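Secondary and tertiary structure notes
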Amino acid sequence: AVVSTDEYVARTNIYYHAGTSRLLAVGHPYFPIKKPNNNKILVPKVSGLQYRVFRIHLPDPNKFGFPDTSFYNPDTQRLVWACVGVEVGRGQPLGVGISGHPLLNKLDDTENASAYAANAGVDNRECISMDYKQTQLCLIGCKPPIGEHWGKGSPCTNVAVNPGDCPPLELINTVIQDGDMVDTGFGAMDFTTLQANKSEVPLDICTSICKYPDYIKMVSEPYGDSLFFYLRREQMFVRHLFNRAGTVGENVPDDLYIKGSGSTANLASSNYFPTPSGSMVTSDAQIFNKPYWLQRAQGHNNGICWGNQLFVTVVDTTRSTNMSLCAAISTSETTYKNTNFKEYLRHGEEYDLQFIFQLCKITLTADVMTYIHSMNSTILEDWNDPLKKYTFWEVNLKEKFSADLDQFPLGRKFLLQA
Amino acid sequence: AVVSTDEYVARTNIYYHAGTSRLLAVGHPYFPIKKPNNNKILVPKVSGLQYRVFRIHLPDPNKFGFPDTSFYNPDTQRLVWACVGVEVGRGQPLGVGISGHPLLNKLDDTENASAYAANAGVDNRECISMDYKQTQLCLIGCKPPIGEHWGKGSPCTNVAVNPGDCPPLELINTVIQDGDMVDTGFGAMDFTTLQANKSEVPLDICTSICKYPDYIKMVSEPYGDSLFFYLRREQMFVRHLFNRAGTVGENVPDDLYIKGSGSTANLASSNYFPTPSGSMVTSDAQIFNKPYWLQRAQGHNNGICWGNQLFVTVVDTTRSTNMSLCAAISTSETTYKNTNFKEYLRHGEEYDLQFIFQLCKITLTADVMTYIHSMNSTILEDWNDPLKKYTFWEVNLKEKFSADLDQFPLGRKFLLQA
Amino acid sequence: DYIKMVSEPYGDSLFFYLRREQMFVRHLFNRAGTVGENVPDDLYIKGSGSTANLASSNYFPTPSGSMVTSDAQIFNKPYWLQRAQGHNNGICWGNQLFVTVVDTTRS
Amino acid sequence: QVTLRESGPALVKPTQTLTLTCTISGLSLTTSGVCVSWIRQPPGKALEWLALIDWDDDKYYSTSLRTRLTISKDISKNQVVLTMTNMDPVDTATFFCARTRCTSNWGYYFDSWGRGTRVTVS
Amino acid sequence: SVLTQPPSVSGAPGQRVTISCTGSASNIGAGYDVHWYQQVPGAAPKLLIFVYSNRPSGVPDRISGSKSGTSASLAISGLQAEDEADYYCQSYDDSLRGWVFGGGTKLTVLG
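Residues numbered from 1 in each chain as written, not as in the entry; some residues may be left out. Chains lettered and ligands numbered in written order. Part of a larger assembly, values for the part shown. Heavy atoms only, no water. Residues with missing side-chain atoms left out of burial classes, pairs and counts.

Header annotation of the entry names cryo-EM as the structure determination method and lists the resolution as 3.0 Å.

1. Quick look at the overall build of chain C
Rules: Each helix is a run of H or I in the DSSP string that is no shorter than four residues. Each strand is a run of E no shorter than two, and both are numbered from the N terminus. Using a 1.4 Å probe on the protein chains alone, a residue whose accessible area is under 20% of its type maximum counts as buried, one over 50% counts as exposed, and one in between counts as partly exposed. Surface exposure here means Shrake-Rupley accessible area, sampled with a 1.4 Å probe, where a residue is shielded only by the protein chains that are shown. Positive: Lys, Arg. Negative: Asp, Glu. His and the chain ends are not part of the count. To locate a charge, the coordinates of NZ of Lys, CZ of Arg, CG of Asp or CD of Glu are taken.
Broken down by element type, chain C carries 1 helix and 4 strands. The helix and strand sequence of chain C, counted from the amino end, reads α-β-β-β-β. With respect to the three principal axes, the spread of C-alpha positions in chain C is 70 × 35 × 20 Å. Taken across its 107 residues, chain C has 27% of its residues classed as buried. When the accessible surface of chain C is summed, it comes to about 7,400 Å², and 56% of that surface belongs to carbon and sulfur atoms. Mean positive and mean negative side-chain charge positions of chain C (9 and 9 charges, respectively) differ by 8 Å.

2. Structural notes on the overall build of chain A
When helices and strands are tallied, chain A shows 5 helices and 25 strands. With the C-alpha coordinates aligned to their principal axes, the bounding extent of chain A is approximately 90 × 65 × 45 Å. Counting the 418 residues in chain A, one finds 62% classified as buried. In the structure as shown, chain A presents an accessible area of about 15,300 Å², 52% of it carried by carbon and sulfur atoms.

3. Brief notes about the environment of D:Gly116
Residues and elements named next belong to chain D. What counts here: Note on definitions: a residue-residue contact is assigned when non-hydrogen atoms from the two residues lie within 4.5 Å.
Looking at where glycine 116 falls in the secondary structure, it is placed in the loop between strand 10 (110–113) and strand 11 (117–121). With 20 residues separating them in the primary sequence, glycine 116 and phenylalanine 96 have C-alpha atoms 4.5 Å apart. Here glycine 116 is in contact with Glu6, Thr94, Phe95 and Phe96, once residues within four sequence places are set aside.

4. Structural notes on the environment of C:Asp12
Residues and elements named next belong to chain C. Relative to the assigned elements, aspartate 12 resides in the loop between helix 1 (2–7) and strand 1 (22–23). The exposure class of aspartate 12 is partly exposed, given its relative accessible area of 38%. Taking the C-alpha atoms as reference points, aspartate 12 and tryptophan 93, separated by 81 residues in sequence, lie 8.6 Å from one another. Aside from chain neighbours lying at most four places away, what touches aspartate 12 is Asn88 and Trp93.

5. Regarding the state of the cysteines
Rule in force here: The rule for a disulfide is simple: a pair of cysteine sulfur atoms within 2.5 Å.
Enumeration over the complete set of coordinates arrives at 3 disulfides over all chains. The disulfide partner of D:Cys35 is D:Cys102, and the S-S distance across this bridge is 2.0 Å. Between D:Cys35 and D:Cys102, the S-S torsion sits near -135°, and that sign places the bridge as left-handed. With D:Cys35 in strand 4 (residues 35–41) and D:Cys102 in the loop between strand 9 (93–100) and strand 10, this pair connects stretches of sequence that are 67 residues apart. For D:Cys35, a relative accessible area of 1% puts it in the buried group. Linked covalently through their sulfurs, E:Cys21 and E:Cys89 form a disulfide whose S-S length is 2.0 Å. Taking the sign of the S-S torsion, 60° for the link of E:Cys21 and E:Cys89, the bridge is right-handed. Highlighted residues: E:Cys21 in strand 2 (residues 17–22) and E:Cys89 in strand 7 (residues 86–92), separated in sequence by 68 residues. Between B:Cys138, a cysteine without a disulfide, and B:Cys83, which holds the nearest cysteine sulfur, the sulfur-to-sulfur distance is 9.5 Å. Accessibility expressed as a relative area gives 0% for B:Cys138, which makes it buried. Free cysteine: B:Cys210, not disulfide-bonded; nearest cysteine sulfur from B:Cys206 at 11 Å. A relative accessible area of 0% places B:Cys210 in the buried class.

6. Side note on the pattern of salt bridges
Filter applied, for reference: We count a salt bridge whenever a side-chain nitrogen from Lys or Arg sits within 4 Å of a carboxyl oxygen from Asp or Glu.
Applying the stated criterion across every chain yields a total of 55 salt bridges over all chains. In this structure, A:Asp60 engages A:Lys63 in a salt bridge whose closest nitrogen and oxygen atoms are separated by 2.9 Å. One salt bridge in this structure joins B:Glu333 and B:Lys337, with 2.8 Å as the shortest N-O distance. One exposure class covers both B:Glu333 and B:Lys337, and it is buried.

7. Quick look at the relation of the copies chain A and chain B
Heads up, the rule is: For this overlay, the copies are fitted by least squares on their C-alpha atoms.
Taken as rigid bodies, chain A and chain B are interconverted by a rotation of 72° and an axial shift of 0.0 Å, the fit giving an RMSD of 0.0 Å. Overall, the copies show the geometry of a five-fold rotation axis. Closest to the rotation axis within chain A is the C-alpha of A:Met280, separated from it by 8.6 Å. A distinct binding surface is used by each copy, with only 7% of the interface residues of chain A retained as interface residues in chain B.

8. Here's the deal with the interface of chain A and chain B
To keep it simple, the criterion reads: Take the accessible area each of two parts loses on contact, using a 1.4 Å probe, and add the two losses: that sum is the buried area. Residues adjacent in sequence count toward polar contacts only when both atoms are side-chain atoms; beyond that, a polar contact is any pair of N or O atoms within 3.5 Å, and within protein one must be able to donate a hydrogen and the other to accept it. Here, any two strands with at least 2 DSSP bridges between them count as paired.
In this complex, chain A contributes 86 residues to the contact, which on the side of chain B involves 75 residues. Buried surface at the junction of chain A and chain B, both sides included, amounts to about 7,000 Å², of which 57% is carbon and sulfur. Among the residues chain A hides against chain B, the three largest losses belong to A:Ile216, A:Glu250 and A:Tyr272. Together they make up 11% of the total. Between chain A and chain B we count 4 salt bridges in total. Taking the shortest distance from any N to any O, the salt bridge between B:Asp284 and A:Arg233 comes out at 2.8 Å. The tally of links between chain A and chain B comes to 32 residue pairs in polar contact. If you list the elements that add at least two residues to the side of chain A that touches chain B, you get strand 10 (146–152), strand 11 (169–175), helix 3 (215–220), strand 15 (235–236), strand 16 (240–243), strand 17 (247–248) and strand 18 (272–275) of chain A. Take the side of chain A that touches chain B: its biggest share by element is 4 residues, from helix 3 of chain A. Of the pairings in the sheet, the one linking strand 15 of chain A to strand 17 (residues 281–282) of chain B comprises 2 bridges and is antiparallel in character. Pairing of A:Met236 across the sheet is with B:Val281, part of strand 17 of chain B.

What follows is the structure, given as C-alpha cells:
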C-alpha cells in the first residue's frame, strides 16, 4: 500500500531559492524553417500553442556544499529537495496569435447559405485562417507529464482493409515532449497519421500531434509522481461554421432524409467542422506571474522531487502574438511594389521560472528502504538516464541555488506567506 | 406518511471507494453507422449531446466479504450502500462540436433582408449547420431518471382529422435512456413522430427525441428516489434568425396586417425559428472534475442506494468536439483531388466515474418492514429485473470496491473533507 | 519588463504596479509579398489550376480594445504602497518619482 | 492474389432450378470484411447485380428477383453457392462472381471478377 | 437502369473522350460512389475506376474521372487501341435497395 511521503520524510527549516535568469526562445510560429533539402533545421518552430515542458535539474543535496551538515546525519539518512513554491514568470505582453492554411479544406460557409451549394469541382480548397483555442495550464511534477491523443488502431475488419476505409480510433497515452502542440479546438489527435488530406487543419499543427494532459490518469496514478499541482483556464467557441469537401465516407441513411430534386437533388457534404476562437484574454484570467504554494499537494508525493528533477509544463496562448518582420530587398525603388518586400513571421517567447525548495531528510530503516525501492529503485541507486527518449527544455539550476530568499522576489513572497 | 430515511437507517464508519478504470466510447457524432440494409449497427452514434446514463451496479453488502461483520447483527438487520460522494471525471479536452443538415428547411435569412423575399420555388431547402445549445447537468439517484418531451396526443377534432392538420401537443413523461438526446435549443420534442418534414432540425437529432430532465416531477416525487442531487449549467442564444418554408398552417389574421401590393402582396411565411449557439465554454464553468458531497440530499432518500443501484446521468456539450478523419483511397496521385479522400467524423468521449460509499444498517422492526415494503417491496424481496425495458451503460463495480480511500484521488479528497 | 524590474536587486525601478490589459482578434487578415519562408513541401499537397498558386501564409491579427467600463478602472483610486514588494519600501531616493500611466480606456 | 472460378450447368431447361458455385482462392471467407457478389449479363446487355454475401452471413438480393434468390457460403470448401429458382428462357446470361470489398460507403464495388460462365436456358 | 449513359461514343487515337453517367438523388445524389468498369466484349469485366476520378492498381495513369452534380464522368485522355471496350458506371440505389449499373457506353476507337 502506498503511503503519504510525509509519513516518513522529515522537513527542515533550510530553504533555498533557484530560478533561471531569463529563458528565451524565438522561432517561426507555424513550421520549423530548415534547409532546402536537409533535416538540418535552421530556425525552430516557436509557437505559443506548444507544451513548453522544462526538465529542471536540481543539485544533489547529499553532494551539496551546505554551510554545516549538523542538521542531518549522513551515516543513516540522505537528503532530497521538496518543491514548496513555483512561479512561472512571463514577460512578453499578452496577445493571441493566428494560424491558417493556404489550402484549408473548406467547401463553403454552411453557417448561413443564401442558396444551395454549387457543385464541388475538383480541389475547392481555400486560403482560410483562424485564431486558436485559448489555453493556460501549468503542471508541476517529478515524473514527466503524460498527455493523450487519438491515434490509429486495428480496424473493425481484417480484410486488408479497403483503401480509404475507416481509420480506427484509438486512445493512446504518451509523454508530453517539449515542443508538442496543445489541443487547439480541433480535438486531441495525431493528424500526421490520422488525416491524409493534409488540409483538414491549419498549417502549424497539420503535421503534429495535438496532445492534451491526461489529468484523470495522472491524478489516479498510485504514486502521483507525474503531477502534484496543476491549473487549467482554457476556453473558446465556434467563431465560424464550415463544411468539409470530399467523397462521403458514411452516407446519410435514407430514413434520415427525404430525397431532393433538381439543384437540391445533390446531398451536400454533411461533414461539418468548427473554427475555434481564442476568446477574451485578460489580466484577470492570468495563471502566471503568481506564486503557487504546493504545501497541500493532493498527491501522496507531497512535492518531493525524487531524483533531483522537476517537470514544469507551461501552455500560454494568451501571449502567442505572432508579429510580422518584413525586410527590404532593395531601397533603389521610389515607389511601393508588392514583390520588393519579403514576409517573415517570428514569435517571441520569454520565460522566467522561479522556485522555493525546502530541504528534507530520509531515514533508511528497512521498511523505508523497501518502500522506496518498490516505488522507484532508481532513487536508491542514486544514493547507495531513462529520459533520453524525450526532448525537454534542459534547464540547469545546480549552480543557481542560493540560501537567501529575501534577495529574490519569489523568496520575499514566500517569506511574506510563510 | 413518508419519513426521512435517516429516521431508521444507521450510519457506520466503514467507507469504501469504487470507480470505473477508464470508460471510453467512440462513434459517429450524427447518426449510427450500420450496414447497407440491416439493423446491424456497425458504429454507434456517440455524441456529446447525449444523456450518458450509467446504471452502476454495486455489490450486495449482505453477501459481501467484509473483514469482520461484528459491526452489525445479521440475525436482525441488513446492510445497504449509501452514496456519500461522487466525482464525474472527464478526460477529453473541452470543445464544442457541430451539427447540420444538408437540406435544413430554411427559406431565407429573415434576420436582415435588403429586399422582400422572392418566390418559394419547390424545395428551397439549404445546407445549413449550427453549434448546439451548451448543457452541463449531472443527476445522481437510485431510480432511473425521468425526462420530458412534447409528443402527439388526441387532436382537438375527431373528424378523422384532416391530412396535415394540427398535430396536438402532449406532455409525455419517460425514462431517460442512455443515448437519448438532450434539448438542443429547439425545444424538447419527439421530432420522429412530430415533424413530418424531416428537415426542421439538424441531422443528428432529426429522428430522435429531445428529452429534458423533469426536475419538478423528480423533486416532488414522494420518496425522491429518482434523484437526490443534481446540477445544471446550460446556456445559449440566437446565433441566427431564420424562416421555415411551406404552406401556412395558421394564416395570419387579417386584422393582424394591412394587405400589400405587387411584390409585397405575397405574405412571406411567418414560421420563424431560431438557430441556437453553445456560447462560451470555459474551465470556470466546469461541473465535472469536482467532488460533490451528498451529505444533505434534499430528498427523503438521503443517498441510500436501494437495490445496490446508482443512476448517474451526465450531459457534457463542453467536450463535444467532433474531429474529422480523412483516409486516402490511393497515394499514387501526385496532385490533390477532392475525390481522392474519404471524409469521416468520429467523436471521442471519455468518462471516469468515482464514488465514496458509507455502509448502513437497517433494523427490521415491524414498522420498519411495513414502511420499506410500502415504499418498494422489491427491496425486501432481495434480502428475505424491471429495468430490462431501458438501455443503460451497464457499469459493474462489484469487484472494484476497496476499503482504502487514501489510495484513490476521490478517497483522499473525501478524507480531507471529512 | 515586469520580470526584470521585479528581480532587480534594489527594486528601485518600481515598488508598486497594476495591469488590466485585454483584447481579442477582431478580424483575421493576410500579408502580401514574396514568401520569405516557403511552406515545406511535406507540409502540403500540391494544387492545380487556380489553387495551384499557394496563397501567402503570413497571417496576422487585427486587435480589439474590448469592453471598457467603470468597473475595470485602475484610476481615480488611491493605491497605498505601505507593503511594497520591493526592498525599497517607497523611499524616493534623490527626491524623484517616476509614474508611468497607460490609459487606452479614454483614448 | 485473389482468384475466382465459376462452375455450374452450362445448359438448363425452364422451370428447373439453377445452382451456380464460385470458388475462391488466395482469400478466406472467414476473414471479417470479405464479400462476394454475382452479376449476370444477358447477351449484349448491361450488367445486373444479383446478390451479395459477406463474412457476417448478411445477404442481399435484387428486389425484382428477391423472391427467386438465395445465397450462402461454405467455409469448408471456401465456396459461394447461388441458387435461382424457376428459370425463364430469357435468363440466358453470363454469370460473374466478383469479390466485393464492402467499403464503408454503400457504393460498394467489385475489386476482382471471375472468368464468367455461360448459362443457357432452353 | 436507374443510371444513364450514352449508348455509344467515339474518338480517334490521341483525343480525349468523356463518358458521362447521370443518376438521380436516390443513387448518386446521396453520395454513393460511382465505379467504372472496362469490359472487352466476350471477357470478364475489369475494374477501371474505384472512386470518383480514382485509379486502381495497374490502370494507366491517363484515365481519370470527375464528380459533378448528380453525375460522374470517365475521362480517357490519349485514346489508344486498348480502349476499344464498353464501360459501365455503378453505384447503390435507395429505391431499389441494391447495386445498379449504367447503360453500357460502347466506346470505339476511330480509324
